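Shown next, in structure tokens, is the structure this report addresses.
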Amino acid sequence: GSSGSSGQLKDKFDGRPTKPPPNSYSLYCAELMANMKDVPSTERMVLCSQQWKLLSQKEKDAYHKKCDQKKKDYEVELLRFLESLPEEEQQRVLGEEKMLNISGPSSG
């Protein structure tokens, strides 16, 4: 059936699950650009800023669910995958992803 006709040069959908966006803002950016087929990446990126500024709270909240939702799946897809790999493997993945739980120098 599908023996991999073509490949990629990122290698993101193999080592780790679907990486969820940072927040609704960045998420909407990809959503708008995907719809803005008749708009250059330069206009799209700029549009996402305006379209996001005009969007109401109820509208922005909708995108928030998608972002958070992606995190839920990312955790599961990452968990089922991690456990699937040995300690050594889980260590590398855990020492790169688990270490970065969305934080900086300190909570402040």
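Each position is counted from 1, following the chain as shown.
Recorded method for this deposit: solution NMR.
Yeah, the Cβs are placed from backbone N, Cα and C, and that goes for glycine too.
Annotated in Swiss-Prot:
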- 18-82: DNA-binding region (DNA_BIND)
- 90-99: compositional bias 'Basic and acidic residues' (COMPBIAS)
- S56: phosphoserine (MOD_RES)
- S84: phosphoserine (MOD_RES)
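Record features, source the PDB entry:
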- 1-7: cloning artifact (SEQADV)
- 103-108: cloning artifact (SEQADV)
Worksheet item: So for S84 (phosphoserine), how many other CB atoms are inside 10 Å of its CB?
Response: 9
Worksheet, complete the sentence: Students should find that the Cα atoms of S84 (phosphoserine) and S56 (phosphoserine) sit apart, in Å rounded to an integer, by 43
Worksheet entry | Structural state census, the compositional bias 'Basic and acidic residues' (90-99) (DSSP three-state) | 9 helix, 0 strand, 1 coil
Worksheet item: Which ones in the same chain are close to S56 (phosphoserine), with CB under 8 Å and 6+ residues apart in sequence?
Response: none
Worksheet item: What is the three-state DSSP composition of the cloning artifact (103-108), stated as helix, strand and coil residue counts?
Response: 0 helix, 0 strand, 6 coil
Item to complete: Tally the residues of the cloning artifact (1-7) by DSSP class, grouping H, G and I as helix, E and B as strand, and everything else as coil.
Response: 0 helix, 0 strand, 7 coil
